[PDB]
Amino acid sequence: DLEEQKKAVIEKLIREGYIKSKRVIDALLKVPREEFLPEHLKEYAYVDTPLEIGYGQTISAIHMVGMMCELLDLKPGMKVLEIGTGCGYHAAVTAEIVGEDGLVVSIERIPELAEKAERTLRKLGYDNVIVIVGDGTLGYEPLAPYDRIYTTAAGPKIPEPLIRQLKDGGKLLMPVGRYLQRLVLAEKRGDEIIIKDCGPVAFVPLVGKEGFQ
Amino acid sequence: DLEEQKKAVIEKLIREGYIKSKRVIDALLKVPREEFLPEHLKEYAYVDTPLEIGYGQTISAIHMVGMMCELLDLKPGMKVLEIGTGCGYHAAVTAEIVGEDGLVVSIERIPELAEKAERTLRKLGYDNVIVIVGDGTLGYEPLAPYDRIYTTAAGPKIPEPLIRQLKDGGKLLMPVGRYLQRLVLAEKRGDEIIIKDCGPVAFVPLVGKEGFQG
């Protein structure tokens, strides 16, 4: 059953070093992942694997969500930009970590996906997440600058808009790769960006003006 | 199918509790939202979600337009001030609710956007909607006191020009805050305003002399 599988997968993530922070651990224990899945996939809510959720988009594996949350070095009260809402799950886990005084802005290219994610987030009480349909490779200037930015889809490059929209000291985490893809963490300092390679990954293409055709 | 989607989303909004008034429900059923949208988005006209449309504009979900129409407590015959025309869809919805003997004055900062909104409204017969290019944080003195006032963009405060231009007993609905925003409903009574919190929202910023500075 779900609650046992959930617990099992969370202790696994801790043991293996995927997650280590209390807020990340608690966020993953609280968010009901099943609520974000189509009926027929709900029974697989705590199988640590990606799932197709429609329109050729996926919810990421739980270990990837957890690891991304850790790498992103989030804090209560932050304003975060998520590129790629999908089913809304990762946006909800981000919202738990930043808490009620924080804000998550989330851009989704597929209108039908954004509408469903918005309903799930409403239903569950996530009143600090705003999902907007648009081309996420341009970020979202009306609410910028952001403390933290991440994408759940891989671009052939880091879009310039995402860097420009980052606060000084801000950090951006995204998979990048026209072919094979690496998870990159970029930190803004002054007129420099520090980029760290965080390992090979494989996410669905980020499509837009500053991403894939 | 667009027609099916239209009926389906309005019925969704009734059941979610966003809309309940016959005049609001009828206005949402009537205005052809697709006319106001760029060609590639027309097919999405009845998908309920904020949507980036162009020119740094994000239009509100249909549910937010409905809920705002309800909160604003409109009646046939009212004179209404809208700050932030956008593509002109919300102004058309307002125009339906106040009806042919009401008026909507709508202020838009961006001239190209204002001109397209005016032409869509005029093409469709919304001829008691005036689109004016200008700084909406200053309201619109020439057309007097308004029964109702609202904005489609968040400011740091309710601008004093909007309060001055409101009839006694009038209501103003607008988002207040920069990033963390509240939708507030203000009623004027004498030398007072009564302000009610209507929940969190996240509109684009309202920029101008009595709003967010450049």
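- Structure determination for this entry is recorded as X-ray crystallography, at 2.00 Å resolution.

1. What about the pattern of salt bridges?
Line of reasoning, step 1. As enumerated under the stated definition, the model contains 30 salt bridges over all chains in all.
Line of reasoning, step 2. In this structure, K12(A) and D48(A) form a salt bridge, with 3.3 Å as the shortest nitrogen-oxygen distance. One end of the pair, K12(A), is in helix α1 (residues 2-16); the other, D48(A), is in the loop between α2 (22-30) and β1 (51-54), with 36 residues separating them in the sequence.
Line of reasoning, step 3. Residue class for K12(A) comes out partly exposed when judged on its relative accessible area of 23%.
Line of reasoning, step 4. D48(A) sits in the partly exposed class, given a relative accessible area of 22%.
Line of reasoning, step 5. Through salt bridges that share partners, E115(A), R119(A), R122(A) and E16(B) make up one connected network.

2. Here's the deal with the interface of chain A and chain B
Accessible area lost upon the coming together of the parts is a frequently used measure of interface size.
Line of reasoning, step 1. Each side of the interface is counted separately: chain A has 24 residues, and chain B has 24 residues.
Line of reasoning, step 2. Here chain A meets chain B over a buried area of about 1,800 Å², counting both sides, of which 56% is carbon and sulfur.
Line of reasoning, step 3. When residues of chain A are sorted by the area they lose upon contact with chain B, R119(A), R122(A) and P142(A) head the list and together hold 25% of the total.
Line of reasoning, step 4. At the junction of chain A with chain B, the criterion picks out two salt bridges.
Line of reasoning, step 5. Where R122(A) meets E16(B), a salt bridge forms, and the shortest distance between an N and an O atom there is 3.7 Å.
Line of reasoning, step 6. For the interface between chain A and chain B, the tally reads eight residue pairs in polar contact.
Line of reasoning, step 7. Secondary structure elements with two or more residues in the side of chain A that touches chain B: β4 (103-108), α5 (111-123) and β5 (129-133) of chain A.
Line of reasoning, step 8. Residues of the side of chain A that touches chain B, tallied by class, amount to 13 nonpolar, two polar and nine charged.

3. Some words on the packing of helix α3 (residues 62-71) of chain A against helix α4 (residues 89-98) of chain A
All names here are of chain A.
Line of reasoning, step 1. Running from N to C, α3 and α4 point in directions that differ by 35°, and their axes come no closer than 11 Å. The handedness of the crossing between α3 and α4 is right-handed. On α4, the residues that touch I62, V65, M68 and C69 of α3 are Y89, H90, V93 and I97.
Line of reasoning, step 2. Among the residues forming the contact of α3 with α4, the class breakdown is seven nonpolar, one polar and no charged.

4. Structural notes on the UniProt feature "active site" in chain B
Line of reasoning, step 1. Residues given the UniProt feature "active site" here are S60(B).
Line of reasoning, step 2. If we ignore the near neighbours within four places in the chain, the residues touching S60(B) are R33(B), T49(B), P50(B), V65(B) and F203(B).

5. Description of the pairing of strand β8 (residues 181-189) of chain B
Residue and element names in this part refer to chain B.
Line of reasoning, step 1. Pairing of strand β7 (residues 166-176) with β8, which is carried by six bridges, proceeds in the antiparallel orientation. The partner of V176 across the bridge, within β8, is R182.
Line of reasoning, step 2. As judged from the eight bridges shared by β8 and strand β9 (residues 192-201), these two strands associate in the antiparallel manner. Each residue of the ladder has a partner; that of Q181, found in β9, is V201.
Line of reasoning, step 3. Hairpin connection of β8 to β9: two residues between the antiparallel strands, including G190 at a positive phi of 70°.

Reading guide: rules and limits
- Residues numbered from 1 in each chain as written, not as in the entry; some residues may be left out.
- Chains lettered and ligands numbered in written order.
- Heavy atoms only, no water.
- Residues with missing side-chain atoms left out of burial classes, pairs and counts.
- Salt bridge = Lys/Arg side-chain N within 4 Å of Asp/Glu carboxyl O.
- Helix = DSSP H or I, 4+ residues; strand = E, 2+ residues; numbered from the N terminus.
- Buried < 20%, exposed > 50% of the residue type's maximum accessible area, 1.4 Å probe, protein only.
- Contact = heavy atoms within 4.5 Å.
- Buried area = accessible area lost by both parts, 1.4 Å probe.
- Polar contact = N/O pair within 3.5 Å; in protein donor to acceptor, adjacent residues only side chain to side chain.
- Nonpolar A, V, L, I, M, F, W, Y, C, P; charged D, E, K, R; others polar.
- Axes fitted to C-alpha atoms, helices over the stretch in contact; angles between N-to-C directions.
- Left-handed = near helix turned anticlockwise from the far one by under 90°.
- UniProt positions renumbered as here; feature names shortened; annotations may be inferred.
- Pairing = 2+ DSSP bridges.

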